[PDB]
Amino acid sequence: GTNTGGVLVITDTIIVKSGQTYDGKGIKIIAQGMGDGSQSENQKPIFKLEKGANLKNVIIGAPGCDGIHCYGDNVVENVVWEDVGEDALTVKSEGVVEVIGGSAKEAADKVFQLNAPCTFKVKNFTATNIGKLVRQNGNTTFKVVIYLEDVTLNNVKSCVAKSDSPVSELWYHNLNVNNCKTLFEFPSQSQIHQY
């Protein structure tokens, strides 16, 4: 990537507009004044992806702040979270959201937080030292469908995925998990399927 070795220091959330692709070309981003990457719920996202916005080829350095906010129909490709903040990426509004490539590390709690009905696919992705890979917002009963395809996880302190919704589903294909308490916390294990 042509921005590789550059560090971009930002002081506000980067807004990517509907239909646009923000291509970092390998830039590393370090956010200032947007949060400390703790579990405080009051930090800013590094990126806000409007519905139909895409993001690719960015390394997000510490502090991870509130990661990437996705408003739906978003492709997030080859994004590396060096040090996840409060959470890495949140689905804020309905649509399809795909994380393809990249990796995440050092998530004290969630990597992916799903706050609206969505189809959420994680493909060709690695994560190390995480609490949960995927959480549907606690105590909600709207439907998410999660796909984990070619995903490798190491050191999962809580679980791979958690939902409190009976109608939600998780499908996985080529999922490799090392050092994990419990793979899935859903109302019923029959919500979890391979393919």
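Residue numbers here begin at 1 and follow the sequence given.
- Look at the C-alpha B-factors of 131-139 and of 28-36. On average they run higher in 28-36.
- Higher mean CA B-factor, judged across 49-57 and 144-152 from the recorded values: 49-57.
- When the modelled residues of the chain are ordered by their C-alpha B factor, residue 93 lands in the highest third.
- In the deposited entry, the Cα temperature factor of residue 169 places it in the lowest third of its chain's modelled residues.
- For residue 3, the recorded CA temperature factor ranks within the highest third of the chain's modelled residues.
- When the modelled residues of the chain are ordered by C-alpha B-factor, residue 22 sits in the highest third.
- Per-chain ranking of the deposited C-alpha B factor places residue 86 in the middle third.
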